[PDB]
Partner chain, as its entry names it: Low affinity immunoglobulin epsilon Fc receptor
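Take a look at this single chain, the form solved without its partner chain, given in structure tokens.
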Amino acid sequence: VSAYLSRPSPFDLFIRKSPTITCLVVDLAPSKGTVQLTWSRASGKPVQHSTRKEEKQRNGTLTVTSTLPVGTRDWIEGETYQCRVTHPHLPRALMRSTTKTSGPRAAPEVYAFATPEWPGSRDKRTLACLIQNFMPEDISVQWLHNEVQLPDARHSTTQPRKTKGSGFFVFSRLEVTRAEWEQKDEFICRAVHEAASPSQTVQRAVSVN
């Protein structure tokens, strides 16, 4: 039985201005599960109504999540949120907490590239974006074509890794089709980051050819 508690995404926090946090508990012994995820703040101030969600997994196991809307200003100013997990079987005591990361801020550098044709694959290319030298590690990455944001499922972004310096980097991968680049041969990699500017976003355009 493990428990995790994530921070808001930069996209939700800055662009949407409706940040949330998610208490995720991955069980390894499901039974009569009246498992409770209790929310609180370090300050003692009221928490909003949260959303509980449970999904039975294929490997004969129960996964339970609770999502709490947080105040944008409350998060930025440094509030700490706490998820308490109470389980019947376990000795009733498990706590996870989250708050905005501290430390220096640094804006991301964004670089976007297009692969050349590989023999046997004329009607597709792979677009690669390198986002680097940012801190903290929290970052949202999106792709756009015709200034419409592409579904998130279309790309995959790597987890933040430290550079040889103090900042982090991610890579993002996007497969595109001939029909798309023939319609408009320009794709935008956009990184949303708090230290980024202006509007907490930095983006770079790339073309096939």
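Positions refer to the first chain, counted from 1.
Only in words, not in the display: the form deposited with its partner chain bound, which the text now covers.
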Open item on the list: Taking its partner chain as it sits in the deposited complex, is residue 14 in contact with it (heavy atom to heavy atom, 4.5 Å or less)?
Closed with: yes
Task: Interface membership of residue 42, its partner chain in the deposited complex, 4.5 Å heavy atom rule - done: yes
Open item on the list: When the contact criterion is heavy atoms within 4.5 Å, does residue 185 count as touching its partner chain in the deposited complex?
Closed with: no
- [ ] Verify the contact flag for residue 200: yes if a non-hydrogen atom of it lies within 4.5 Å of a non-hydrogen atom of its partner chain in the deposited complex, no if not.
- [x] yes
